[PDB]
Each structure stands twice: as C-alpha cells, then as structure tokens.
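J.: Dropping in input-v9.pdb, which is PDB, C-alpha atoms:
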```pdb
ATOM      1  CA  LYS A2248      15.763  16.111  -3.361  1.00  0.00           C
ATOM      2  CA  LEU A2249      12.417  14.401  -2.762  1.00  0.00           C
ATOM      3  CA  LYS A2250      13.486  11.152  -4.440  1.00  0.00           C
ATOM      4  CA  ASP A2251      16.731  11.060  -2.457  1.00  0.00           C
ATOM      5  CA  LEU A2252      14.756  11.580   0.752  1.00  0.00           C
ATOM      6  CA  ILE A2253      12.349   8.773  -0.180  1.00  0.00           C
ATOM      7  CA  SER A2254      15.152   6.361  -1.074  1.00  0.00           C
ATOM      8  CA  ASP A2255      17.087   7.140   2.116  1.00  0.00           C
ATOM      9  CA  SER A2256      13.925   7.209   4.253  1.00  0.00           C
ATOM     10  CA  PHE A2257      13.254   3.460   4.227  1.00  0.00           C
ATOM     11  CA  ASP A2258      15.895   0.741   4.032  1.00  0.00           C
ATOM     12  CA  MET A2259      15.147  -2.861   3.125  1.00  0.00           C
ATOM     13  CA  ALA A2260      16.934  -4.148   6.239  1.00  0.00           C
ATOM     14  CA  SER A2261      14.017  -2.783   8.260  1.00  0.00           C
ATOM     15  CA  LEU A2262      11.339  -3.735   5.726  1.00  0.00           C
ATOM     16  CA  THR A2263      12.239  -7.435   5.531  1.00  0.00           C
ATOM     17  CA  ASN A2264      10.839  -7.944   9.029  1.00  0.00           C
ATOM     18  CA  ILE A2265       7.741  -5.888   8.193  1.00  0.00           C
ATOM     19  CA  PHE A2266       7.037  -7.982   5.093  1.00  0.00           C
ATOM     20  CA  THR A2267       7.612 -11.252   6.962  1.00  0.00           C
ATOM     21  CA  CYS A2268       5.227 -10.149   9.719  1.00  0.00           C
ATOM     22  CA  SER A2269       2.742  -9.137   7.021  1.00  0.00           C
ATOM     23  CA  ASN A2270       2.882 -12.741   5.830  1.00  0.00           C
ATOM     24  CA  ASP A2271       2.049 -13.845   9.396  1.00  0.00           C
ATOM     25  CA  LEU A2272      -1.357 -12.187   9.228  1.00  0.00           C
ATOM     26  CA  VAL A2273      -4.881 -13.166   8.219  1.00  0.00           C
ATOM     27  CA  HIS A2274      -5.784 -11.569   4.882  1.00  0.00           C
ATOM     28  CA  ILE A2275      -9.269 -11.505   3.387  1.00  0.00           C
ATOM     29  CA  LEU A2276      -8.943 -11.930  -0.372  1.00  0.00           C
ATOM     30  CA  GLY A2277      -5.346 -12.887   0.342  1.00  0.00           C
ATOM     31  CA  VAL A2278      -2.709 -11.529  -2.034  1.00  0.00           C
ATOM     32  CA  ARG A2279       1.033 -12.160  -1.796  1.00  0.00           C
ATOM     33  CA  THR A2280       3.134  -9.245  -0.544  1.00  0.00           C
ATOM     34  CA  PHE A2281       4.979  -9.259  -3.870  1.00  0.00           C
ATOM     35  CA  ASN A2282       1.736  -7.900  -5.344  1.00  0.00           C
ATOM     36  CA  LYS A2283       0.877  -5.484  -2.518  1.00  0.00           C
ATOM     37  CA  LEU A2284       4.239  -3.799  -3.111  1.00  0.00           C
ATOM     38  CA  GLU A2285       2.809  -1.861  -6.061  1.00  0.00           C
ATOM     39  CA  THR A2286       0.012  -0.397  -3.952  1.00  0.00           C
ATOM     40  CA  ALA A2287       2.431   0.442  -1.144  1.00  0.00           C
ATOM     41  CA  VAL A2288       4.898   2.279  -3.383  1.00  0.00           C
ATOM     42  CA  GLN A2289       2.245   4.051  -5.460  1.00  0.00           C
ATOM     43  CA  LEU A2290       0.293   5.296  -2.443  1.00  0.00           C
ATOM     44  CA  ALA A2291       3.453   6.372  -0.612  1.00  0.00           C
ATOM     45  CA  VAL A2292       4.765   8.333  -3.590  1.00  0.00           C
ATOM     46  CA  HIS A2293       1.397   9.979  -4.234  1.00  0.00           C
ATOM     47  CA  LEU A2294       1.030  11.003  -0.584  1.00  0.00           C
ATOM     48  CA  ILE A2295       4.574  12.378  -0.516  1.00  0.00           C
ATOM     49  CA  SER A2296       4.131  14.304  -3.774  1.00  0.00           C
ATOM     50  CA  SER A2297       0.798  15.755  -2.629  1.00  0.00           C
ATOM     51  CA  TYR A2298       2.758  18.219  -0.440  1.00  0.00           C
ATOM     52  CA  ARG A2299       5.892  18.558  -2.561  1.00  0.00           C
ATOM     53  CA  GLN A2300       6.046  22.374  -2.271  1.00  0.00           C
ATOM     54  CA  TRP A2301       5.459  22.523   1.507  1.00  0.00           C
ATOM     55  CA  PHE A2302       8.752  20.821   2.417  1.00  0.00           C
ATOM     56  CA  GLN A2303      11.001  23.669   1.228  1.00  0.00           C
ATOM     57  CA  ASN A2304      10.356  25.737   4.363  1.00  0.00           C
ATOM     58  CA  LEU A2305      10.519  22.651   6.607  1.00  0.00           C
ATOM     59  CA  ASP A2306      13.721  21.605   8.345  1.00  0.00           C
ATOM     60  CA  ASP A2307      15.313  18.346   7.245  1.00  0.00           C
ATOM     61  CA  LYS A2308      14.531  16.539  10.509  1.00  0.00           C
ATOM     62  CA  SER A2309      10.805  17.243  10.216  1.00  0.00           C
ATOM     63  CA  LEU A2310      10.924  16.482   6.486  1.00  0.00           C
ATOM     64  CA  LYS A2311      12.350  13.043   7.233  1.00  0.00           C
ATOM     65  CA  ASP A2312       9.732  12.601   9.964  1.00  0.00           C
ATOM     66  CA  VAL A2313       6.816  13.408   7.650  1.00  0.00           C
ATOM     67  CA  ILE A2314       8.234  11.198   4.888  1.00  0.00           C
ATOM     68  CA  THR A2315       8.594   8.311   7.336  1.00  0.00           C
ATOM     69  CA  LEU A2316       5.050   8.796   8.636  1.00  0.00           C
ATOM     70  CA  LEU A2317       3.632   8.787   5.104  1.00  0.00           C
ATOM     71  CA  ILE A2318       5.646   5.659   4.278  1.00  0.00           C
ATOM     72  CA  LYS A2319       4.368   3.964   7.442  1.00  0.00           C
ATOM     73  CA  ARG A2320       0.750   4.791   6.639  1.00  0.00           C
ATOM     74  CA  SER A2321       1.036   3.578   3.043  1.00  0.00           C
ATOM     75  CA  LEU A2322       2.715   0.348   4.162  1.00  0.00           C
ATOM     76  CA  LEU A2323       0.000  -0.228   6.764  1.00  0.00           C
ATOM     77  CA  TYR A2324      -2.856   0.311   4.338  1.00  0.00           C
ATOM     78  CA  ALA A2325      -1.273  -1.742   1.547  1.00  0.00           C
ATOM     79  CA  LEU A2326       0.179  -4.718   3.434  1.00  0.00           C
ATOM     80  CA  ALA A2327      -2.500  -4.966   6.140  1.00  0.00           C
ATOM     81  CA  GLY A2328      -5.292  -2.862   4.649  1.00  0.00           C
ATOM     82  CA  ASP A2329      -7.280  -6.023   3.883  1.00  0.00           C
ATOM     83  CA  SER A2330      -7.295  -7.401   7.447  1.00  0.00           C
ATOM     84  CA  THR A2331      -9.449  -6.936  10.524  1.00  0.00           C
ATOM     85  CA  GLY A2332      -9.295  -3.815  12.663  1.00  0.00           C
ATOM     86  CA  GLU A2333      -7.401  -5.594  15.436  1.00  0.00           C
ATOM     87  CA  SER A2334      -4.936  -7.063  12.941  1.00  0.00           C
ATOM     88  CA  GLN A2335      -4.339  -3.576  11.573  1.00  0.00           C
ATOM     89  CA  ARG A2336      -3.589  -2.234  15.061  1.00  0.00           C
ATOM     90  CA  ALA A2337      -1.140  -5.060  15.675  1.00  0.00           C
ATOM     91  CA  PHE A2338       0.465  -4.076  12.370  1.00  0.00           C
ATOM     92  CA  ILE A2339       0.846  -0.419  13.427  1.00  0.00           C
ATOM     93  CA  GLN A2340       2.616  -1.756  16.506  1.00  0.00           C
ATOM     94  CA  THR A2341       4.817  -3.952  14.293  1.00  0.00           C
ATOM     95  CA  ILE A2342       5.656  -1.091  11.918  1.00  0.00           C
ATOM     96  CA  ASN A2343       6.499   1.262  14.783  1.00  0.00           C
ATOM     97  CA  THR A2344       8.709  -1.432  16.308  1.00  0.00           C
ATOM     98  CA  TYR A2345      10.676  -2.283  13.170  1.00  0.00           C
ATOM     99  CA  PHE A2346      11.145   1.274  11.921  1.00  0.00           C
ATOM    100  CA  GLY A2347      13.530   3.562  13.755  1.00  0.00           C
ATOM    101  CA  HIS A2348      12.216   5.182  16.918  1.00  0.00           C
ATOM    102  CA  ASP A2349      13.678   8.578  15.974  1.00  0.00           C
ATOM    103  CA  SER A2350      10.778   9.050  13.523  1.00  0.00           C
ATOM    104  CA  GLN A2351       7.208  10.119  14.219  1.00  0.00           C
ATOM    105  CA  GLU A2352       5.188   7.167  15.482  1.00  0.00           C
ATOM    106  CA  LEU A2353       2.228   6.170  13.342  1.00  0.00           C
ATOM    107  CA  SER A2354      -0.900   5.804  15.466  1.00  0.00           C
ATOM    108  CA  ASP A2355      -4.302   4.231  14.898  1.00  0.00           C
ATOM    109  CA  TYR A2356      -5.727   7.480  13.478  1.00  0.00           C
ATOM    110  CA  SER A2357      -2.639   9.580  12.852  1.00  0.00           C
ATOM    111  CA  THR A2358      -3.205  12.132  10.105  1.00  0.00           C
ATOM    112  CA  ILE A2359      -1.545  15.216   8.644  1.00  0.00           C
ATOM    113  CA  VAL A2360      -3.418  18.480   8.093  1.00  0.00           C
ATOM    114  CA  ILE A2361      -1.795  21.854   7.479  1.00  0.00           C
ATOM    115  CA  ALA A2362      -2.625  25.551   7.170  1.00  0.00           C
ATOM    116  CA  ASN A2363      -0.587  27.789   4.880  1.00  0.00           C
ATOM    117  CA  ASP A2364      -1.060  30.820   7.149  1.00  0.00           C
ATOM    118  CA  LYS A2365       0.375  28.852  10.104  1.00  0.00           C
ATOM    119  CA  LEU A2366       2.477  25.806   9.218  1.00  0.00           C
ATOM    120  CA  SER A2367       1.206  22.766  11.117  1.00  0.00           C
ATOM    121  CA  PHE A2368       2.294  19.121  11.088  1.00  0.00           C
ATOM    122  CA  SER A2369       2.488  16.052  13.366  1.00  0.00           C
ATOM    123  CA  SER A2370      -0.207  13.522  14.215  1.00  0.00           C
ATOM    124  CA  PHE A2371      -3.788  14.630  14.883  1.00  0.00           C
ATOM    125  CA  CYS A2372      -6.275  12.130  16.313  1.00  0.00           C
ATOM    126  CA  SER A2373      -9.923  12.277  17.420  1.00  0.00           C
ATOM    127  CA  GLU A2374     -10.946  15.646  15.968  1.00  0.00           C
ATOM    128  CA  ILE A2375     -14.491  14.633  14.963  1.00  0.00           C
ATOM    129  CA  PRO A2376     -17.326  16.496  16.725  1.00  0.00           C
ATOM    130  CA  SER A2377     -20.085  14.519  18.419  1.00  0.00           C
ATOM    131  CA  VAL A2378     -23.683  15.151  17.339  1.00  0.00           C
ATOM    132  CA  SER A2379     -26.932  14.241  19.098  1.00  0.00           C
ATOM    133  CA  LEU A2380     -30.154  13.547  17.211  1.00  0.00           C
ATOM    134  CA  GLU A2381     -33.797  14.315  17.903  1.00  0.00           C
ATOM    135  CA  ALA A2382     -36.194  11.643  19.120  1.00  0.00           C
ATOM    136  CA  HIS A2383     -38.070  11.433  15.809  1.00  0.00           C
ATOM    137  CA  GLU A2384     -34.838  10.865  13.839  1.00  0.00           C
ATOM    138  CA  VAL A2385     -33.945   7.502  15.386  1.00  0.00           C
ATOM    139  CA  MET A2386     -34.335   5.428  12.214  1.00  0.00           C
ATOM    140  CA  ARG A2387     -34.592   6.660   8.638  1.00  0.00           C
ATOM    141  CA  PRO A2388     -32.720   5.361   5.587  1.00  0.00           C
ATOM    142  CA  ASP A2389     -30.919   8.697   5.369  1.00  0.00           C
ATOM    143  CA  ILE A2390     -29.183   9.116   8.762  1.00  0.00           C
ATOM    144  CA  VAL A2391     -25.453   8.488   9.172  1.00  0.00           C
ATOM    145  CA  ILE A2392     -23.475   8.684  12.409  1.00  0.00           C
ATOM    146  CA  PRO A2393     -19.884   9.660  11.543  1.00  0.00           C
ATOM    147  CA  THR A2394     -17.249   8.006  13.706  1.00  0.00           C
ATOM    148  CA  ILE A2395     -13.463   7.849  13.732  1.00  0.00           C
ATOM    149  CA  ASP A2396     -13.461   4.660  11.655  1.00  0.00           C
ATOM    150  CA  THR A2397     -15.805   6.095   9.019  1.00  0.00           C
ATOM    151  CA  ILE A2398     -13.715   9.256   8.630  1.00  0.00           C
ATOM    152  CA  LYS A2399     -10.535   7.172   8.456  1.00  0.00           C
ATOM    153  CA  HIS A2400     -11.991   4.917   5.762  1.00  0.00           C
ATOM    154  CA  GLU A2401     -13.205   7.880   3.708  1.00  0.00           C
ATOM    155  CA  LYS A2402      -9.789   9.536   3.953  1.00  0.00           C
ATOM    156  CA  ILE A2403      -7.881   6.432   2.902  1.00  0.00           C
ATOM    157  CA  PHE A2404     -10.364   5.665   0.112  1.00  0.00           C
ATOM    158  CA  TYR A2405      -9.873   9.169  -1.273  1.00  0.00           C
ATOM    159  CA  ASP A2406      -6.088   8.884  -0.966  1.00  0.00           C
ATOM    160  CA  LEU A2407      -6.093   5.541  -2.791  1.00  0.00           C
ATOM    161  CA  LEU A2408      -8.392   6.931  -5.486  1.00  0.00           C
ATOM    162  CA  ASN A2409      -6.124   9.931  -6.073  1.00  0.00           C
ATOM    163  CA  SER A2410      -3.195   7.527  -6.585  1.00  0.00           C
ATOM    164  CA  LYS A2411      -4.732   6.341  -9.891  1.00  0.00           C
ATOM    165  CA  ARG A2412      -5.227   2.689  -9.006  1.00  0.00           C
ATOM    166  CA  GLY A2413      -8.254   0.488  -8.557  1.00  0.00           C
ATOM    167  CA  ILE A2414      -9.813  -0.132  -5.156  1.00  0.00           C
ATOM    168  CA  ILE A2415     -11.672  -3.269  -4.072  1.00  0.00           C
ATOM    169  CA  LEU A2416     -13.865  -2.681  -1.017  1.00  0.00           C
ATOM    170  CA  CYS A2417     -14.346  -6.005   0.769  1.00  0.00           C
ATOM    171  CA  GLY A2418     -16.793  -6.104   3.652  1.00  0.00           C
ATOM    172  CA  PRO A2419     -19.724  -7.974   5.168  1.00  0.00           C
ATOM    173  CA  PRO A2420     -23.185  -7.056   3.862  1.00  0.00           C
ATOM    174  CA  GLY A2421     -24.625  -3.824   5.188  1.00  0.00           C
ATOM    175  CA  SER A2422     -21.281  -2.318   6.201  1.00  0.00           C
ATOM    176  CA  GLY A2423     -21.941   0.898   4.261  1.00  0.00           C
ATOM    177  CA  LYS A2424     -19.199   0.476   1.663  1.00  0.00           C
ATOM    178  CA  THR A2425     -21.248   2.352  -0.927  1.00  0.00           C
ATOM    179  CA  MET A2426     -22.172   4.765   1.874  1.00  0.00           C
ATOM    180  CA  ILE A2427     -18.475   5.450   2.500  1.00  0.00           C
ATOM    181  CA  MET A2428     -17.813   5.836  -1.230  1.00  0.00           C
ATOM    182  CA  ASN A2429     -20.733   8.251  -1.642  1.00  0.00           C
ATOM    183  CA  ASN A2430     -19.712  10.424   1.301  1.00  0.00           C
ATOM    184  CA  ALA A2431     -16.082  10.362   0.153  1.00  0.00           C
ATOM    185  CA  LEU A2432     -16.825  11.450  -3.420  1.00  0.00           C
ATOM    186  CA  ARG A2433     -19.767  13.823  -2.876  1.00  0.00           C
ATOM    187  CA  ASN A2434     -17.690  16.230  -0.770  1.00  0.00           C
ATOM    188  CA  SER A2435     -15.216  16.688  -3.632  1.00  0.00           C
ATOM    189  CA  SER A2436     -16.175  17.979  -7.077  1.00  0.00           C
ATOM    190  CA  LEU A2437     -13.545  16.086  -9.068  1.00  0.00           C
ATOM    191  CA  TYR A2438     -14.960  12.539  -9.368  1.00  0.00           C
ATOM    192  CA  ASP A2439     -18.191  11.330 -10.977  1.00  0.00           C
ATOM    193  CA  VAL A2440     -19.750   8.086  -9.763  1.00  0.00           C
ATOM    194  CA  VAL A2441     -21.271   5.607 -12.216  1.00  0.00           C
ATOM    195  CA  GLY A2442     -22.642   2.707 -10.196  1.00  0.00           C
ATOM    196  CA  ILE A2443     -23.066  -0.775 -11.649  1.00  0.00           C
ATOM    197  CA  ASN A2444     -24.942  -3.514  -9.793  1.00  0.00           C
ATOM    198  CA  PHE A2445     -23.402  -6.814 -10.848  1.00  0.00           C
ATOM    199  CA  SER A2446     -25.725  -9.799 -11.167  1.00  0.00           C
ATOM    200  CA  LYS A2447     -25.185 -13.548 -11.316  1.00  0.00           C
ATOM    201  CA  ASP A2448     -24.910 -13.221 -15.105  1.00  0.00           C
ATOM    202  CA  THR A2449     -23.288 -10.018 -16.358  1.00  0.00           C
ATOM    203  CA  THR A2450     -21.685  -9.315 -19.727  1.00  0.00           C
ATOM    204  CA  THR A2451     -19.064  -6.774 -20.736  1.00  0.00           C
ATOM    205  CA  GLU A2452     -21.732  -5.058 -22.848  1.00  0.00           C
ATOM    206  CA  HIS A2453     -23.381  -3.749 -19.675  1.00  0.00           C
ATOM    207  CA  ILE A2454     -20.134  -2.074 -18.599  1.00  0.00           C
ATOM    208  CA  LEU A2455     -19.584  -0.720 -22.108  1.00  0.00           C
ATOM    209  CA  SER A2456     -23.090   0.758 -22.269  1.00  0.00           C
ATOM    210  CA  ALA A2457     -22.765   2.307 -18.810  1.00  0.00           C
ATOM    211  CA  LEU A2458     -19.454   3.902 -19.784  1.00  0.00           C
ATOM    212  CA  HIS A2459     -20.890   5.138 -23.090  1.00  0.00           C
ATOM    213  CA  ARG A2460     -23.719   6.771 -21.135  1.00  0.00           C
ATOM    214  CA  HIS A2461     -21.219   9.124 -19.463  1.00  0.00           C
ATOM    215  CA  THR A2462     -18.139   9.005 -21.724  1.00  0.00           C
ATOM    216  CA  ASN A2463     -17.520  10.348 -25.226  1.00  0.00           C
ATOM    217  CA  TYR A2464     -15.236   8.738 -27.791  1.00  0.00           C
ATOM    218  CA  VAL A2465     -12.522  10.857 -29.383  1.00  0.00           C
ATOM    219  CA  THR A2466     -10.282  10.150 -32.359  1.00  0.00           C
ATOM    220  CA  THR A2467      -6.681  11.351 -32.577  1.00  0.00           C
ATOM    221  CA  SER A2468      -3.945  10.840 -35.150  1.00  0.00           C
ATOM    222  CA  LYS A2469      -1.615   9.677 -32.362  1.00  0.00           C
ATOM    223  CA  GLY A2470      -2.991   7.070 -29.982  1.00  0.00           C
ATOM    224  CA  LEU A2471      -5.751   6.070 -32.455  1.00  0.00           C
ATOM    225  CA  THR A2472      -9.172   6.234 -30.734  1.00  0.00           C
ATOM    226  CA  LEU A2473      -9.387   7.202 -27.064  1.00  0.00           C
ATOM    227  CA  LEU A2474     -12.280   7.251 -24.600  1.00  0.00           C
ATOM    228  CA  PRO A2475     -12.404  10.402 -22.456  1.00  0.00           C
ATOM    229  CA  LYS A2476     -15.619  11.447 -20.773  1.00  0.00           C
ATOM    230  CA  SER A2477     -17.818  14.509 -21.132  1.00  0.00           C
ATOM    231  CA  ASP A2478     -16.247  16.746 -18.478  1.00  0.00           C
ATOM    232  CA  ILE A2479     -12.928  17.395 -16.757  1.00  0.00           C
ATOM    233  CA  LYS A2480     -14.351  16.024 -13.498  1.00  0.00           C
ATOM    234  CA  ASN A2481     -13.040  12.467 -13.251  1.00  0.00           C
ATOM    235  CA  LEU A2482     -15.060   9.249 -13.388  1.00  0.00           C
ATOM    236  CA  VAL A2483     -15.411   6.377 -10.918  1.00  0.00           C
ATOM    237  CA  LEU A2484     -16.903   3.123 -12.219  1.00  0.00           C
ATOM    238  CA  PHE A2485     -18.150   1.735  -8.915  1.00  0.00           C
ATOM    239  CA  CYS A2486     -19.029  -1.917  -9.608  1.00  0.00           C
ATOM    240  CA  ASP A2487     -20.739  -3.527  -6.623  1.00  0.00           C
ATOM    241  CA  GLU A2488     -20.770  -7.283  -5.955  1.00  0.00           C
TER
END
```
Render the structure in this file as structure tokens.

T.:
Amino acid sequence: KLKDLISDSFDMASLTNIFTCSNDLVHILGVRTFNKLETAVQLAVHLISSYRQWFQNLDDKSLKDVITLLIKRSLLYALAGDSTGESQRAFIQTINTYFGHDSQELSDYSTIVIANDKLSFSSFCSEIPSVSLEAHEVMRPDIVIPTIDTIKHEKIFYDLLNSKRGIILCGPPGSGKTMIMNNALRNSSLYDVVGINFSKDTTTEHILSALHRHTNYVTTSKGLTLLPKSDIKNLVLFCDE
C-alpha cells in the first residue's frame, strides 16, 4: 500500500520541470541533479516510512497529502539544499507551483508533528518560544540563541542522518555548523560523535586510529571481519574542514 501510494504520489511529468528549474539555480559545491536523485529518494522514503503505522487510521486524501508534503520537503532539501536561503524559498515556490494544488502546500518551515492520544497533522510553523537573557550573559562562548533557521537545520540534519547517508555541511566560517551538529545529536541518545579536525596534511591512519578508539573489531564466519563499535548507540564520524 505504501509503495503504491509513493509511486502514484509523484509523476515524472511534474518533476521534469522541477529538475530543470533546479538546474537553473546557484549551487555551492555544485552536483548534477542525476546525483542528487539518490538523496531525494532516500530521504523521502525514510521520512515516509518513519510514520508507516500512523497512516492506517488516516483517510486516503490526508494520506496522499502527507506523502506529497514529505516528497516536497525531501525534493527541496536534496535538489536545493545546497543553495542560499533565498534560493531555497524560490524553490519552495517552484515546487508548490509545479506540483498539484490539491495537495498540502510546503512552506518555508512546514513540519509534521503528531500525538498518539490526539491525531494531529498538517503544517506547523513558528512554534519556537522566545527567551530573554540577563545583562551579564551578553557574551560567553556557551550561549546560543535558537531561531527558526537553527531549529529547521537541526531537524533536517537529524532526518538526513537517520536516512543512513553521509552529510556534508558547507558554510562560511563561524556559522555554527558544529554547533548545529552538537545540539542535534546531544538531544538524542542514539548517536555518538567522534570529531576529527582535518589539517593541511592528513593521512587515513588518523581516521583509522580515531575509529579504533571507539569501535571494536569482530570476526564472523560469514562476512569475514566486521567493524562494529562498543555500544548499540550509533556513531557519527564528524570530520571538519
């Protein structure tokens, strides 16, 4: 049922225009759409399967709506996830134009959250509380001011990480990329961070030693030797620069 809904949810006649418009866009670390397709499909399928038991009680219209919204978000963050904020917004407008208008419209910060005691869906935007600081807390190297963009980036970073594919965080210096990664992975207790600071000269032996610091070799009759880690909690080999 879910695979039929995914296949019937998006049709290539609509997506040709989306891909062509994606080509007409400035891309930092530019990669051809033929390669971004893997990220788009993987993220879309992971997002759709993350709620695969909460569609049974949902009517088919709303099921199609939620599938289309997830597809739109994955396409946005794969095709145009490496562009400027304004370019992304233009791409939400493009996606909403080219997809059918009978589906839920992706917004700048559209998200899906749900309670099992009271079934909830549809787009939720600007639900971050505002906090005021004391006078003596103006500048310390420990104070973060959460905004809509920071929450959005943490959410999409976590969603990409849960899809089992690598993430490259491109940004100007002092944009808090490691800050976003730390706040995204410290809230959950399923990923372990092993940071590596790349230098001008770096050998594979550094990566191997860092992995061996946290990971334990195993030997099996099938699969020969494998390299798990110590615990069930997953690993993240964050390699900066």

J.: Calculated over only C-alpha atoms, which of the candidates A:2270, A:2436, A:2315, A:2351 has the smallest distance to residue 2258 in chain A?

T.: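 Nearest candidate to residue 2258 in chain A out of A:2270, A:2436, A:2315, A:2351: A:2315.
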
J.: Restricting the calculation to all atoms listed in the file, which member of A:2328, A:2486, A:2465, A:2305 is positioned closest to residue 2445 in chain A?

T.: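 Going through A:2328, A:2486, A:2465, A:2305 one by one, the smallest distance to residue 2445 in chain A is for A:2486.
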
J.: Neighbourhood query: residues within 9 Å of (4.8, 0.8, 2.9), file coordinates, counting only C-alpha atoms; return as an MDAnalysis selection string.

T.: chainID A and resid 2257 2262 2284 2286:2288 2290:2291 2317:2326

J.: Applied to the shown file, which residues does the PyMOL selection byres ((chain A and resi 2343) around 12) return, written as an NGL selection string?

T.: :A and (2261-2262 or 2264-2265 or 2315-2316 or 2318-2320 or 2322-2323 or 2336-2342 or 2344-2355)

J.: Between A:2333, A:2430, A:2359, A:2272, which has the minimum distance to residue 2392 in chain A (counting only C-alpha atoms)?

T.: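 Of the candidates, the smallest distance to residue 2392 in chain A is held by A:2430.
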
J.: To one decimal in Å, tell me the separation between CA of residue 2478 in chain A and CA of residue 2402 in chain A.

T.: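 Result for CA of residue 2478 in chain A versus CA of residue 2402 in chain A: 24.4 Å, one decimal.
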
J.: Kindly give the distance, in Å, that separates CA of residue 2362 in chain A and CA of residue 2409 in chain A, rounded to a single decimal.

T.: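 The value is 20.8 Å.
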
J.: Could you state the separation of CA of residue 2274 in chain A and CA of residue 2327 in chain A in Å, given to one decimal place?

T.: 7.5 Å

J.: Skip residue 2417 in chain A itself and residues of its chain fewer than 6 positions away, then list as a ChimeraX atom specification all residues within 10 Å of it, counting all atoms listed in the file.

T.: /A:2275-2276,2329-2330,2424,2488

J.: Identify which of the residues A:2399, A:2311, A:2387, A:2279 lies closest to residue 2372 in chain A, counting only C-alpha atoms when measuring atom-to-atom distances.

T.: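 Nearest to residue 2372 in chain A: A:2399.
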
J.: Applying 12 Å and all atoms listed in the file, which residues near residue 2307 in chain A remain after dropping the ones on its own chain fewer than 4 positions away? List them as a list in words.

T.: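 Near neighbours after the sequence-gap exclusion: residues 2248, 2249, 2252, 2256, 2302, 2303, 2311, 2312, 2313 and 2314 of chain A.
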
J.: Of the candidates A:2440, A:2294, A:2467, A:2452, which shows the shortest atom-to-atom distance to residue 2482 in chain A, using all atoms listed in the file?

T.: A:2440

J.: Determine the axis-aligned bounding box of all atoms of range 2443-2457 of chain A present in the file, pad each side by 6 Å, and express its centre and edge lengths in Å to one decimal place as JSON.

T.:
```
{"center_x": -22.4, "center_y": -5.6, "center_z": -16.3, "size_x": 18.7, "size_y": 27.9, "size_z": 25.1}
```

J.: Quick check on the file I pasted: which residues fall under the PyMOL selection byres ((chain A and resi 2378) around 9)? Write them as a ChimeraX atom specification.

T.: /A:2376-2377,2379-2380,2392-2393

J.: Would you kindly return, as a PyMOL selection string, each protein, DNA or RNA residue with an atom no farther than 12 Å from any atom of residue 2454 in chain A, considering only C-alpha atoms and excluding same-chain residues fewer than 6 positions away?

T.: chain A and resi 2441-2445+2460-2462+2484-2486

J.: So that I can see what lies close to residue 2434 in chain A, please list as a PyMOL selection string the residues with an atom at most 12 Å from it, counting only C-alpha atoms and leaving out residues fewer than 5 positions away in the same chain.

T.: chain A and resi 2401-2402+2405+2427-2429+2439

J.: Using only C-alpha atoms, find the one residue out of A:2289, A:2282, A:2397, A:2367 that sits nearest to residue 2431 in chain A.

T.: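 When distances to residue 2431 in chain A are compared using only C-alpha atoms, the smallest one comes from A:2397.
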